[PDB]
>>> print(open('entry.txt').read())   # compact mmCIF, C-alpha atoms
# COMPACT_ATOMS: atom_id res chain seq x y z
CA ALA A 2 -17.57 62.53 155.35
CA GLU A 3 -19.36 65.49 153.85
CA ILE A 4 -22.57 66.55 152.18
CA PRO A 5 -22.35 66.05 148.40
CA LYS A 6 -22.56 69.18 146.31
CA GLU A 7 -25.66 67.93 144.55
CA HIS A 8 -27.48 67.81 147.89
CA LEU A 9 -26.11 71.16 149.03
CA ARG A 10 -27.06 72.69 145.70
CA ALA A 11 -30.54 71.18 145.81
CA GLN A 12 -31.09 72.27 149.42
CA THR A 13 -30.11 75.87 148.68
CA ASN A 14 -32.24 75.88 145.55
CA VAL A 15 -35.21 74.51 147.51
CA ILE A 16 -34.78 77.20 150.17
CA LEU A 17 -34.53 80.03 147.65
CA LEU A 18 -37.54 78.95 145.63
CA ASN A 19 -39.62 78.65 148.78
CA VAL A 20 -38.55 82.15 149.77
CA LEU A 21 -39.47 83.63 146.37
CA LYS A 22 -42.69 81.60 146.26
CA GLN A 23 -43.67 83.50 149.44
CA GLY A 24 -42.96 86.78 147.73
CA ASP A 25 -40.53 88.91 145.81
CA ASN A 26 -37.34 89.35 147.76
CA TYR A 27 -33.83 90.75 147.81
CA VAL A 28 -30.50 89.29 148.90
CA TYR A 29 -30.14 90.96 152.28
CA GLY A 30 -33.71 90.07 153.27
CA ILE A 31 -33.43 86.53 152.02
CA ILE A 32 -30.30 85.95 154.06
CA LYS A 33 -31.84 87.51 157.16
CA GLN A 34 -35.15 85.61 156.87
CA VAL A 35 -33.40 82.27 156.35
CA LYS A 36 -31.07 82.98 159.22
CA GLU A 37 -34.06 83.71 161.42
CA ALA A 38 -36.00 80.67 160.13
CA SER A 39 -33.01 78.39 160.92
CA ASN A 40 -32.46 79.78 164.45
CA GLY A 41 -29.05 81.07 163.33
CA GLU A 42 -27.92 77.79 161.82
CA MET A 43 -28.06 78.79 158.14
CA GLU A 44 -26.38 82.00 157.04
CA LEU A 45 -26.42 81.84 153.28
CA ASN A 46 -23.25 83.05 151.57
CA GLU A 47 -23.89 86.31 149.73
CA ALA A 48 -21.55 85.60 146.83
CA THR A 49 -23.21 82.25 146.24
CA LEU A 50 -26.66 83.83 146.10
CA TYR A 51 -25.63 86.44 143.53
CA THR A 52 -24.24 83.49 141.57
CA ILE A 53 -27.40 81.39 141.79
CA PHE A 54 -29.70 84.28 141.00
CA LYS A 55 -27.90 85.12 137.76
CA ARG A 56 -28.27 81.52 136.59
CA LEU A 57 -31.88 81.30 137.69
CA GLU A 58 -32.53 84.55 135.89
CA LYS A 59 -30.92 83.35 132.66
CA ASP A 60 -33.00 80.16 132.81
CA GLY A 61 -36.19 82.20 133.18
CA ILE A 62 -37.00 80.90 136.63
CA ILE A 63 -36.69 84.34 138.20
CA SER A 64 -36.69 87.93 137.00
CA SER A 65 -35.32 90.98 138.77
CA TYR A 66 -36.17 94.64 139.19
CA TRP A 67 -35.05 97.63 141.25
CA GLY A 68 -36.99 98.83 144.28
CA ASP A 69 -37.62 102.45 145.08
CA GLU A 70 -34.81 104.83 145.91
CA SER A 71 -36.69 106.96 148.42
CA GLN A 72 -34.37 106.03 151.28
CA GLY A 73 -31.12 106.46 149.33
CA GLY A 74 -30.16 102.94 148.49
CA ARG A 75 -32.22 100.56 146.39
CA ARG A 76 -32.98 96.87 146.76
CA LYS A 77 -32.62 94.53 143.82
CA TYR A 78 -35.76 92.39 144.03
CA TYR A 79 -36.20 88.97 142.60
CA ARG A 80 -39.45 87.54 141.39
CA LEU A 81 -40.47 83.97 140.70
CA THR A 82 -41.67 83.70 137.11
CA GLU A 83 -44.60 81.53 135.99
CA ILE A 84 -41.87 79.17 134.76
CA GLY A 85 -40.33 79.28 138.24
CA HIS A 86 -43.71 78.52 139.75
CA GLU A 87 -44.09 75.48 137.51
CA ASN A 88 -40.58 74.48 138.50
CA UNK A 89 -41.46 74.72 142.24
CA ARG A 90 -44.51 72.48 141.56
CA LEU A 91 -42.35 69.94 139.76
CA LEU A 92 -39.85 69.86 142.62
CA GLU A 93 -42.63 69.40 145.20
CA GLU A 94 -44.22 66.61 143.24
CA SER A 95 -40.96 64.78 142.58
CA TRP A 96 -39.59 64.99 146.12
CA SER A 97 -42.96 63.88 147.42
CA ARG A 98 -42.82 60.78 145.24
CA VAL A 99 -39.23 60.17 146.36
CA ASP A 100 -40.24 60.33 149.98
CA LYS A 101 -43.03 57.82 149.41
CA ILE A 102 -40.69 55.52 147.50
CA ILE A 103 -38.32 55.51 150.46
CA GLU A 104 -41.26 54.84 152.79
CA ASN A 105 -42.26 51.96 150.53
CA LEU A 106 -38.66 50.58 150.50
CA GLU A 107 -38.80 50.27 154.29
CA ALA A 108 -42.32 48.81 154.26
CA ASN A 109 -41.46 46.27 151.57
CA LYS A 110 -38.42 45.22 153.64
CA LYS A 111 -40.81 44.50 156.56
CA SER A 112 -42.27 41.97 154.13
CA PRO B 5 -33.45 70.43 137.65
CA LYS B 6 -30.58 67.97 137.30
CA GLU B 7 -29.22 68.62 140.79
CA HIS B 8 -32.59 67.61 142.16
CA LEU B 9 -32.80 64.48 140.00
CA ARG B 10 -29.23 63.71 140.97
CA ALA B 11 -29.90 64.23 144.68
CA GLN B 12 -33.15 62.30 144.52
CA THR B 13 -31.50 59.32 142.86
CA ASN B 14 -28.63 59.46 145.33
CA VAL B 15 -30.90 59.33 148.37
CA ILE B 16 -32.97 56.51 146.91
CA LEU B 17 -29.83 54.44 146.29
CA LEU B 18 -28.43 55.05 149.76
CA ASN B 19 -31.75 54.08 151.29
CA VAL B 20 -31.84 50.84 149.36
CA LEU B 21 -28.39 49.92 150.67
CA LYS B 22 -29.38 50.97 154.18
CA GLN B 23 -32.14 48.38 153.95
CA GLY B 24 -29.49 45.78 153.06
CA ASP B 25 -26.60 44.89 150.81
CA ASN B 26 -27.78 44.60 147.25
CA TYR B 27 -26.81 44.21 143.60
CA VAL B 28 -27.67 46.47 140.67
CA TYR B 29 -30.67 44.58 139.24
CA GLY B 30 -32.00 43.87 142.73
CA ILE B 31 -31.89 47.59 143.50
CA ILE B 32 -33.68 48.44 140.26
CA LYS B 33 -36.28 45.79 140.95
CA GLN B 34 -36.88 47.07 144.48
CA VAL B 35 -37.20 50.68 143.34
CA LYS B 36 -39.61 49.68 140.58
CA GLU B 37 -41.68 47.74 143.12
CA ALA B 38 -41.60 50.66 145.62
CA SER B 39 -42.73 53.18 142.96
CA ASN B 40 -45.61 51.16 141.43
CA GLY B 41 -43.55 50.72 138.29
CA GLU B 42 -43.05 54.43 137.84
CA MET B 43 -39.32 54.67 138.52
CA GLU B 44 -37.27 52.25 136.48
CA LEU B 45 -33.64 53.23 137.06
CA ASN B 46 -31.19 52.59 134.20
CA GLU B 47 -28.78 49.67 134.84
CA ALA B 48 -25.80 51.31 133.14
CA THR B 49 -26.47 54.57 135.00
CA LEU B 50 -26.48 52.88 138.41
CA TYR B 51 -23.39 50.91 137.47
CA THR B 52 -21.67 54.21 136.75
CA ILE B 53 -22.93 55.82 139.93
CA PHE B 54 -21.86 52.87 142.08
CA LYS B 55 -18.35 52.94 140.66
CA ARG B 56 -18.10 56.61 141.64
CA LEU B 57 -19.54 56.01 145.09
CA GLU B 58 -17.16 53.09 145.54
CA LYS B 59 -14.08 55.07 144.52
CA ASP B 60 -15.21 57.73 147.04
CA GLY B 61 -15.53 55.22 149.93
CA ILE B 62 -19.29 55.53 150.42
CA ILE B 63 -19.97 51.95 149.29
CA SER B 64 -17.84 48.81 148.98
CA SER B 65 -18.46 45.77 146.79
CA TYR B 66 -18.07 42.03 146.95
CA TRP B 67 -19.17 38.94 145.01
CA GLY B 68 -22.35 37.01 145.80
CA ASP B 69 -22.92 33.30 146.15
CA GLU B 70 -22.70 31.53 142.82
CA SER B 71 -24.83 28.51 143.64
CA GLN B 72 -27.49 29.56 141.14
CA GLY B 73 -24.80 29.79 138.43
CA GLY B 74 -23.61 33.31 137.56
CA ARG B 75 -21.69 36.08 139.30
CA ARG B 76 -23.44 39.00 141.02
CA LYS B 77 -21.65 42.00 142.46
CA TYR B 78 -23.13 43.12 145.76
CA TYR B 79 -22.68 46.54 147.33
CA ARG B 80 -22.61 47.57 150.95
CA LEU B 81 -22.97 50.99 152.58
CA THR B 82 -19.63 51.70 154.33
CA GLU B 83 -19.32 53.39 157.70
CA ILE B 84 -18.54 56.56 155.73
CA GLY B 85 -21.73 55.90 153.79
CA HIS B 86 -23.84 55.58 156.93
CA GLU B 87 -22.39 58.87 158.15
CA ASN B 88 -23.10 60.51 154.85
CA UNK B 89 -26.72 59.30 155.04
CA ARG B 90 -26.95 60.76 158.61
CA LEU B 91 -25.65 64.12 157.32
CA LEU B 92 -28.22 64.13 154.50
CA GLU B 93 -31.04 63.47 156.92
CA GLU B 94 -29.81 66.24 159.21
CA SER B 95 -29.33 68.82 156.52
CA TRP B 96 -32.58 68.10 154.74
CA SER B 97 -34.38 68.20 158.11
CA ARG B 98 -33.05 71.72 158.57
CA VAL B 99 -34.31 72.65 155.12
CA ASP B 100 -37.77 71.40 156.07
CA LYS B 101 -37.63 73.34 159.34
CA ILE B 102 -36.54 76.49 157.51
CA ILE B 103 -39.42 76.29 155.09
CA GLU B 104 -42.00 75.71 157.86
CA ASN B 105 -40.68 78.73 159.80
CA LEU B 106 -40.64 80.91 156.67
CA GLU B 107 -44.41 80.41 156.36
CA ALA B 108 -45.07 80.62 160.10
CA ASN B 109 -43.15 83.90 160.41
CA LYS B 110 -44.94 85.34 157.37
CA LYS B 111 -48.23 85.24 159.29
>>> encode(input="entry.txt", output="structure tokens")
Amino acid sequence: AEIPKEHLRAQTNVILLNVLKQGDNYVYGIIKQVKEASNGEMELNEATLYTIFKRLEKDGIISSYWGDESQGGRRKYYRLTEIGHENXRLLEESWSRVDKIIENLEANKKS
Amino acid sequence: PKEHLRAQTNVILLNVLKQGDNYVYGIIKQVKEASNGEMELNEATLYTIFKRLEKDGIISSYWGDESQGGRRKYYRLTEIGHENXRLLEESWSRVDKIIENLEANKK
């Protein structure tokens, strides 16, 4: 009927960590880049991001800082911590094993 | 993260039932065999998860043949379940596409 929240949550978390793995980033840019990378199909919800980033920041996975004010407004940047980088590696390793397990489930059914 | 563990377990379980109807120990056995012994799912945990999935219409259950003595509860992926699996594939495929384009556009 619908995508379970645990998958939605995991998908958004995977997207965000890949974005911040590429570089420090801010909410407007993250939303725009993901929108562009999804050919318009994924417009992340701004309130949700502010929500996730405060959690991720309390768990030490990201840190934040203000950009320069030369142009009037300032961006709030987010940075992947060394903890966050280890977390990205753990996700990559574990999903990779899960994909192989599923591949092996099909192969073992061929029997 | 728990949501990833949770999602990972969920997709494994749905894939097992996509391969065929199965019972809790048979699923555990198959996952252990498919992971070279590395993933040994907890029998009480699955039992819990399957009761949730069943109340939510994603799987249904029925009793197996008792010719070898005891009673085994089998589970089947419902039509809702097959559609949920199709939605997971679609949405994760988009995530994979997004990530590939994020690197490609960076260059």
>>> closest_atom_pairs(input="entry.txt", of="chain A", to="chain B", cutoff="9 Å", atoms="all atoms listed in the file", output="Markdown table")
| residue | atom | partner | partner_atom | distance |
| --- | --- | --- | --- | --- |
| A:2 | CA | B:88 | CA | 5.9 |
| A:3 | CA | B:88 | CA | 6.3 |
| A:4 | CA | B:91 | CA | 6.5 |
| A:5 | CA | B:88 | CA | 8.5 |
| A:6 | CA | B:7 | CA | 8.7 |
| A:7 | CA | B:7 | CA | 5.2 |
| A:8 | CA | B:11 | CA | 5.4 |
| A:9 | CA | B:95 | CA | 8.5 |
| A:10 | CA | B:7 | CA | 6.7 |
| A:11 | CA | B:8 | CA | 5.5 |
| A:12 | CA | B:99 | CA | 6.6 |
| A:13 | CA | B:99 | CA | 8.3 |
| A:14 | CA | B:8 | CA | 8.9 |
| A:15 | CA | B:99 | CA | 7.9 |
| A:16 | CA | B:99 | CA | 6.7 |
| A:19 | CA | B:103 | CA | 6.7 |
| A:20 | CA | B:106 | CA | 7.3 |
| A:23 | CA | B:107 | CA | 7.6 |
| A:34 | CA | B:106 | CA | 7.2 |
| A:35 | CA | B:102 | CA | 6.7 |
| A:36 | CA | B:102 | CA | 8.7 |
| A:37 | CA | B:105 | CA | 8.4 |
| A:38 | CA | B:102 | CA | 5.0 |
| A:39 | CA | B:102 | CA | 5.3 |
| A:40 | CA | B:102 | CA | 8.7 |
| A:42 | CA | B:98 | CA | 8.6 |
| A:43 | CA | B:98 | CA | 8.7 |
| A:88 | CA | B:5 | CA | 8.2 |
| A:92 | CA | B:8 | CA | 7.6 |
| A:95 | CA | B:12 | CA | 8.4 |
| A:96 | CA | B:12 | CA | 7.2 |
| A:98 | CA | B:39 | CA | 7.9 |
| A:99 | CA | B:12 | CA | 6.7 |
| A:100 | CA | B:16 | CA | 8.8 |
| A:101 | CA | B:39 | CA | 8.0 |
| A:102 | CA | B:38 | CA | 5.3 |
| A:103 | CA | B:16 | CA | 6.5 |
| A:104 | CA | B:38 | CA | 8.3 |
| A:105 | CA | B:38 | CA | 5.1 |
| A:106 | CA | B:38 | CA | 5.7 |
| A:107 | CA | B:23 | CA | 6.9 |
| A:108 | CA | B:38 | CA | 8.9 |
| A:109 | CA | B:38 | CA | 7.4 |
| A:110 | CA | B:23 | CA | 7.0 |
>>> atom_distance(input="entry.txt", atom1="atom CA of residue A:59", atom2="atom CA of residue A:85")
11.7 Å
>>> atom_distance(input="entry.txt", atom1="atom CA of residue A:24", atom2="atom CA of residue B:94")
27.0 Å
>>> residues_around(input="entry.txt", residues="residue A:22", least_positions_apart="5", cutoff="10 Å", atoms="all atoms listed in the file", output="PyMOL selection string")
chain A and resi 16-17+80-82+85-86+89
>>> atom_distance(input="entry.txt", atom1="atom CA of residue B:71", atom2="atom CA of residue B:44")
27.7 Å
>>> residues_near_point(input="entry.txt", point="(-32.6, 45.4, 140.3)", cutoff="10 Å", atoms="all atoms listed in the file", output="PDB file with C-alpha atoms, in the coordinates of the input")
ATOM      1  CA  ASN B  26     -27.780  44.600 147.250  1.00  0.00           C
ATOM      2  CA  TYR B  27     -26.810  44.210 143.600  1.00  0.00           C
ATOM      3  CA  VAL B  28     -27.670  46.470 140.670  1.00  0.00           C
ATOM      4  CA  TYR B  29     -30.670  44.580 139.240  1.00  0.00           C
ATOM      5  CA  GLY B  30     -32.000  43.870 142.730  1.00  0.00           C
ATOM      6  CA  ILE B  31     -31.890  47.590 143.500  1.00  0.00           C
ATOM      7  CA  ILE B  32     -33.680  48.440 140.260  1.00  0.00           C
ATOM      8  CA  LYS B  33     -36.280  45.790 140.950  1.00  0.00           C
ATOM      9  CA  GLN B  34     -36.880  47.070 144.480  1.00  0.00           C
ATOM     10  CA  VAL B  35     -37.200  50.680 143.340  1.00  0.00           C
ATOM     11  CA  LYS B  36     -39.610  49.680 140.580  1.00  0.00           C
ATOM     12  CA  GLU B  37     -41.680  47.740 143.120  1.00  0.00           C
ATOM     13  CA  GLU B  44     -37.270  52.250 136.480  1.00  0.00           C
ATOM     14  CA  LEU B  45     -33.640  53.230 137.060  1.00  0.00           C
ATOM     15  CA  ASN B  46     -31.190  52.590 134.200  1.00  0.00           C
ATOM     16  CA  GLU B  47     -28.780  49.670 134.840  1.00  0.00           C
ATOM     17  CA  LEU B  50     -26.480  52.880 138.410  1.00  0.00           C
TER      18      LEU B  50
END
>>> closest_residue(input="entry.txt", among="A:46, A:97, A:52, A:65", to="residue A:25", atoms="only C-alpha atoms")
A:65
>>> decode(input="entry.txt", residues="stretch 7-33 of chain B", atoms="N, CA and C atoms", output="compact mmCIF listing (two decimals), in the first residue's frame")
# COMPACT_ATOMS: atom_id res chain seq x y z
N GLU B 7 17.10 2.46 11.92
CA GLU B 7 16.21 2.45 10.76
C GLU B 7 16.87 1.69 9.62
N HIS B 8 18.20 1.68 9.55
CA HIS B 8 18.78 0.93 8.45
C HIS B 8 18.74 -0.55 8.69
N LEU B 9 19.11 -0.98 9.91
CA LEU B 9 18.92 -2.35 10.37
C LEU B 9 17.50 -2.82 10.17
N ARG B 10 16.54 -2.01 10.60
CA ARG B 10 15.15 -2.33 10.45
C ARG B 10 14.82 -2.50 8.98
N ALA B 11 15.22 -1.53 8.14
CA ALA B 11 14.87 -1.63 6.72
C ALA B 11 15.55 -2.80 6.06
N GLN B 12 16.81 -3.04 6.43
CA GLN B 12 17.55 -4.15 5.89
C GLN B 12 16.90 -5.47 6.23
N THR B 13 16.54 -5.67 7.51
CA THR B 13 15.84 -6.90 7.86
C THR B 13 14.54 -7.04 7.09
N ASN B 14 13.76 -5.96 7.05
CA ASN B 14 12.49 -6.00 6.33
C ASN B 14 12.71 -6.45 4.89
N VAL B 15 13.70 -5.88 4.17
CA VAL B 15 13.76 -6.30 2.76
C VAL B 15 14.20 -7.74 2.64
N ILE B 16 15.07 -8.19 3.54
CA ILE B 16 15.51 -9.57 3.49
C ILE B 16 14.31 -10.49 3.63
N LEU B 17 13.47 -10.22 4.63
CA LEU B 17 12.31 -11.05 4.92
C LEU B 17 11.32 -11.06 3.75
N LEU B 18 11.06 -9.90 3.16
CA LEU B 18 10.16 -9.88 2.02
C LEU B 18 10.73 -10.66 0.86
N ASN B 19 12.05 -10.59 0.66
CA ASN B 19 12.65 -11.33 -0.43
C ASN B 19 12.55 -12.83 -0.20
N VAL B 20 12.74 -13.26 1.04
CA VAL B 20 12.60 -14.69 1.30
C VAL B 20 11.19 -15.13 0.91
N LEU B 21 10.18 -14.37 1.31
CA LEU B 21 8.80 -14.81 1.02
C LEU B 21 8.45 -14.65 -0.47
N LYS B 22 9.08 -13.70 -1.16
CA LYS B 22 8.98 -13.68 -2.60
C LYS B 22 9.53 -14.94 -3.25
N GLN B 23 10.59 -15.52 -2.69
CA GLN B 23 11.10 -16.76 -3.25
C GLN B 23 10.09 -17.89 -3.06
N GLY B 24 9.30 -17.84 -1.99
CA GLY B 24 8.31 -18.86 -1.71
C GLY B 24 7.81 -18.77 -0.28
N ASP B 25 6.61 -19.31 -0.08
CA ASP B 25 6.03 -19.37 1.26
C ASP B 25 7.03 -20.04 2.17
N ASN B 26 7.07 -19.62 3.43
CA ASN B 26 8.06 -20.19 4.32
C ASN B 26 7.65 -20.01 5.75
N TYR B 27 8.36 -20.72 6.65
CA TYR B 27 8.08 -20.70 8.08
C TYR B 27 9.30 -20.14 8.80
N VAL B 28 9.13 -19.76 10.07
CA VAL B 28 10.16 -18.91 10.69
C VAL B 28 11.54 -19.59 10.70
N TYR B 29 11.64 -20.84 11.12
CA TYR B 29 12.97 -21.45 11.15
C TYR B 29 13.52 -21.66 9.72
N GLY B 30 12.66 -21.96 8.78
CA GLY B 30 13.11 -22.11 7.40
C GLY B 30 13.66 -20.83 6.85
N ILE B 31 13.04 -19.69 7.21
CA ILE B 31 13.58 -18.38 6.80
C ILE B 31 14.93 -18.13 7.43
N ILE B 32 15.03 -18.37 8.73
CA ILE B 32 16.32 -18.18 9.42
C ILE B 32 17.41 -19.03 8.80
N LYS B 33 17.06 -20.28 8.50
CA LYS B 33 18.03 -21.21 7.93
C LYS B 33 18.50 -20.70 6.57
